[PDB]
């Protein structure tokens, strides 16, 4: 059975589509400058 | 030997000689035929007002499959656990040969939720005219994944109606021109039959439908932080409350039974002056007494000052704000932001007359009273009639709740910094285009005369259920509840997977309070809860 | 499925003749001669003390019914079909009493209440020779289930008409036993084949935790054996407590080994923190105890009698006398480690002993149920001025410091926490329990109790394997002794054990524990007390 | 009256009826072949390493027929009496096109044991060039004298793979350059099927397959003389021990239990100083306290003498060996060869303070001790500082095996003159060509920072399982277990019918300790045990 | 009285254990009341053709108390307990060689 | 178009039975049930 | 190069484990030298 165009699946869609399938135009949220590097830490906090 | 659930040796009535063909005549008395007459006629469900000012494409019946539709079925379903088949739906409108317009019909398959857009129509549909006096009757066939539908399956086939073409009327002009109503009846499809017969009292492995929380009636509602009936709504961006608040998984960040009763605590007579810090006597939270208030003093204040001022009485309503002027002031009175409450004094050894009670939760180092936000068995202060230096100990008994100290127009519980957490901080931000609310209640004051109110998170009766029951809801689908005043205004409220109230309007206003509610089911929180308010 | 060439080894086997013969001389006839005979599951005796209506056998349809199916299940994933169940009744012809069975569909949990019979049921009686059997029909939504499925068309037996023993009325009369066998229904059949050592996406079938033999029951607080039975309206302690999601507030692995940690010695004997050395928690001993100290206290010369010798059954009451006491000793809350020194300072003869958890301000200690890397202390003596320690370490619990009747484990204040404590109170009509355990006292020979959150060989399992369970139903295990009493424990997600009874008494210690898969927390757990 | 196997009042159940379709037809979701997903594909019984070292001939794999081959068959036999039928085999080498070397396999008939010689090759075999890509499948017929062999039965029709043509690579230079990994996959024959079954939890009157002994992983190995996990591997001419030692007949070589528990013993206050040993509260040997170490003292000496060691110390790693420095009286420590324990202390008569815990196994003669290789009721030892009074008894016993006393480079119990015999010390003289071994272990020292080794006779898990089940193994027959590390080094250990381990190597040392281990059944005692080191 | 005894034919090469699990095997229930004496056979399943006189490894049969022996007048001491006999007759298909 | 060998994963699907059934319980009848119904483009008054 | 690789069709409901044993199951080898690709099928084993 088919779907009625532009409908929302009551059980969420495949999350796979998130981030850009290319670095280049990534850029963050705390700031507009595109991603520079990757850092790891014990804990991560933020909200804005 | 053994025996099946029916076998056994029969004997037949004694004087039941004559234990036969009697209902012969009785049958006539009611000229009834099939013992399933409901599985035949049509029962009303709901109806809506299709206005001529209602723009092309706009949902009207998000109604979904499931015996929850027809009341008879819904009732009967109480005895089974399994249902399958479809449900026929007859409904029509009373259009006048003058009008013109068309309505659309679409059978939305399971797993999808209809959007109030146009595109919905680029789907196989059935046009419908306003003139057609003949009431339409089609069926919502049950397409299923499983074999038999578990009572709670909220994910099934569904049908909906959308205004294909606006409603036109030859005598347009000003105001809400016009608009006729449309009804909708229901009859159990032929191929609809149950299946599993549950044994009375057995307990279902899952949980009932959440469409049974709010009581259909505004009357008995009453806040959960205070035993007063609600009298208003609060459109806010954030909400927070743990005390007497319950989760959907029956868990609670809180520290108290979903009910309001007197608070009994035993405090050790300090011998010196006022003390506080008295551990409870019998509560389901080690230390923290079940029933003990919510917030705490917003400043390092001390315990003293008789009828400490906050100036000008009789100077009624020259009040509110920031003391309004020099002479006239708005807040101080020493023990401000204190919970007032009658209280019966113990006596231990001796000495009488209850006398006081002024409480809150904070650290009582010395004759000071600094506020703690974190609540532990070490922050339960009060005021007393200790007296006599023999160091007579373990004073008082109980105290209830009556008022609070007039902190201006501060609807208690409006700031995190004021709400007391046991550890966690239960809350909710604006999920989807929806906004969170509270329930503007009402709390008497003292020194003044009578005034000010306070918020509230869950309509008491709710929490009550939450704790005593166990349901099932999608962490992304609210619990659609319809609210309606005495005019026409109506809007929907939802329930967060955590247990909060949401709204789809940016601001709601005044409405006749002879309110009453209802329940629809569940809808992805990603959609706004329509409403005909304002 | 078969990829690759194929070649003969000049001496290939003439299939038929051999194998198509062996069977003959093997009696082997019914290929699957294990699907045509009844096996034997459990066997609980029915007595007269049993009140009409108490469930005598609540089981759910699943491969956990018959052993074969059970040992065969480990190979597959799917299963559809029914399973037959035969019961053998044994009781003197003189007897009387009917037992009724019933088939509950999937989606409903069996209730001890008499209301059950308010559903089609059968009537079985004791005085019946030929045994009775019947299939447990498989009604299901799906097309087959994965071993994770616990809710299905389950069967149960309840006491209809009370068991009656004519000439009893006295000092013993007993009941009558009745077994339970099972045979894999014809309609039954397994399906998907599981890839060796595979992981079931949504947990396993939590039913192996509590070992079967009582002898193999150690506590999660002490390398010591269970021993018994305490119940409390409130429990806690995450010292070595695990969760179903493997997450634990504790700091120690299930295992119970020595405590290897460096030290600190200036020339004021005590003090010392040791810290960082072989752990999985930033600067925290993987074997460090729990309870700190009730008061502040400092070290104090030697031992403190508290009250002479020959102090028995005229004692244990607090101040049972004036030239008495049952408290003070100056280290009343110290765990007796397995003293052993390393070196660097070298010059030996050191065998320390006392090591609780608190603060170290000169000679002061003071308690705190907060476990910061800097709060682990010791008892010692180095003797040669400067420093260079790395001394003591390698120790191992032994005893505790003689105290009053306050068994260690009931004071939520004298419990060390890492941040959060595992809270668990009465859920409905069930009650939270604890596992009593003996512990060598440091003076009065052997004595004093100690509570434990969960059996050792339990957590071990939770600590590793992933299990399936709704935080709304606690898995159940059936415990029985060698006399005739028995009850049920219903481990709840959090990881605690519960009981529907109010207080059980002493009993024949040889204990065997089985399992009934799991139940909802909303109902109690029958039992046979007294 | 009676009750033939399976029959009796049948009834089905309430609304019970297993009516096919819903069962049977629920198969659709599979495509299932039969009731044997077994015979259909192959598994990985194991993989062998092939390097540019071994010379044309040496057999690489010498497995015998029996369910032990294919895992599912294996996992099923645990329910039957005997089997019959062949087993299809598929194997292939995972080499690189740059290699070069042929390999052949042959189906050796039951009753004979292959020989690492080319001639042995003249027989119907199957070549497999190193370049071969597509694997090859052949069959292992069930040539059987009997009608069927039950579980055990050693004389099965064995399979084998030896180096037909040396494997070389056009890159010499380095030592054991490299090589490729081979793999054998098994499939239950189409004519294989078990036969009569076993009654759950029964014991096979003719022993079970010994293959299951030691942990198929180093890590959690650990010995028997001590709890510390295995550190290294040492080889010696002869091997003697007995305490934490067991045998195939489960003969109690020693006196302790298969595991480790805190030695607990009561004693009498000798009224002197160092007190009298001898009691044995929790033990299964009249007197002999289970838990006491196989070591004693070599030279009769006094328990008196505080502070001895060598000299100052701090000048660690000072390659000693005596001959002939004068400053660090290396060796002597007044009273070495001791067993430091974490003791509890005494009690009963009251007043005290833990300490003590220095034991051995000699004899009490007031101020002297003097050893003995013979351990009887009154032979245990201890130490004290529990000042004499009226001489009360029942001590607070206990203590745990923790330390020893820095003698020298002597691995604990390296000599018979040290082993605490109880009755008969079981040794082990080389067999065939193989040499006995030992299990090196660590043990904390007393005066020094950290040090000294300890010789263990057999892995804990070994003694453990050896003292419970029953595995029948011929007298002059071993137990093939393949141990490996990471670099490529692989050898075998053939357990002796007396509880010892053997290997056919000259010497090994440097290996990536994170090992692993399996079992290839069991071969004679005479034939050596190939390997790969250096 | 009331009670049941079990009968099980243990194949060669295995030795019966005094545990319960033995019963999770095809068996034949047996009642204490049955006055009729039971008579079944222990069929010889063999590896070889003919059994060498000494072969101590052969088919076997055993009996285990399925359900305890109950008695309406319990109480103290070794209450009671009846005896059980066992006779033997060479099977028909049994012949030497 | 198809180049390469082919092998089974011992548990191959019995086409018909399943899929040749699902539809049933799917109402799914008109294969291309999107070429037998009218959609909706624009709508100007 | 040199190295074999195998693939397996894990049934719905279970999650593979990075271990060789997990290999014992109907799989498909593919030597590093393999040239002609291999085609197999992923059956629809479904509860629903």
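Protein chains in written order, with the UniProt record's numbering: chain A, 324 to 371; chain B, 129 to 662; chain C, 133 to 662; chain D, 129 to 662; chain E, 227 to 323; chain F, 133 to 177; chain G, 227 to 274. From the three backbone atoms N, C-alpha and C, an ideal C-beta is built for every residue, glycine too.
Alpha-carbon to alpha-carbon, residue j and residue i
{"i": "residue 455 of chain D", "j": "residue 534 of chain C", "result": "48 Å"}
{"i": "residue 548 of chain B", "j": "residue 640 of chain B", "result": "34 Å"}
{"i": "residue 623 of chain B", "j": "residue 335 of chain A", "result": "18 Å"}
{"i": "residue 398 of chain C", "j": "residue 305 of chain D", "result": "56 Å"}
{"i": "residue 203 of chain D", "j": "residue 206 of chain C", "result": "9 Å"}
{"i": "residue 326 of chain D", "j": "residue 171 of chain D", "result": "25 Å"}
{"i": "residue 288 of chain E", "j": "residue 228 of chain G", "result": "59 Å"}
{"i": "residue 464 of chain B", "j": "residue 425 of chain B", "result": "7 Å"}
{"i": "residue 492 of chain D", "j": "residue 509 of chain D", "result": "8 Å"}
{"i": "residue 552 of chain D", "j": "residue 583 of chain D", "result": "19 Å"}
9 Å Cβ cutoff met for residue i and residue j
{"i": "residue 168 of chain B", "j": "residue 176 of chain B", "result": "no"}
{"i": "residue 150 of chain C", "j": "residue 212 of chain D", "result": "yes"}
{"i": "residue 310 of chain D", "j": "residue 188 of chain D", "result": "yes"}
{"i": "residue 659 of chain C", "j": "residue 628 of chain C", "result": "no"}
{"i": "residue 350 of chain B", "j": "residue 588 of chain B", "result": "yes"}
Selection from the options that minimises the alpha carbon distance to residue i
{"i": "residue 577 of chain D", "options": "C:650, C:539, C:483 and C:479", "result": "C:479"}
{"i": "residue 372 of chain D", "options": "D:141, D:267, D:595 and D:297", "result": "D:595"}
Residues near residue i in its chain [Cβ-Cβ closer than 7 Å; skip 5 each side]
{"i": "residue 363 of chain B", "result": "563, 565, 631, 635 and 636"}
Buried/exposed call for residue i, threshold 16 Cβ in 10 Å
{"i": "residue 435 of chain D", "result": "exposed"}
{"i": "residue 156 of chain C", "result": "exposed"}
{"i": "residue 380 of chain C", "result": "buried"}
{"i": "residue 344 of chain A", "result": "exposed"}
{"i": "residue 355 of chain A", "result": "exposed"}
Beta-carbon proximity list for residue i, same chain, < 6 Å, skipping 5 on both sides
{"i": "residue 528 of chain D", "result": "390, 469 and 470"}
{"i": "residue 246 of chain C", "result": "185"}
{"i": "residue 191 of chain D", "result": "287"}
{"i": "residue 612 of chain D", "result": "618 and 644"}
{"i": "residue 475 of chain D", "result": "524"}
{"i": "residue 559 of chain D", "result": "653"}
Cut-off 8 Å between Cβ atoms - residues of its own chain near residue i, not counting five sequence neighbours on either side
{"i": "residue 604 of chain B", "result": "625, 652, 653 and 654"}
{"i": "residue 692 of chain D", "result": "No statement about residue 692 of chain D is possible, as the shown extent of chain D runs from 129 to 662 and does not include it."}
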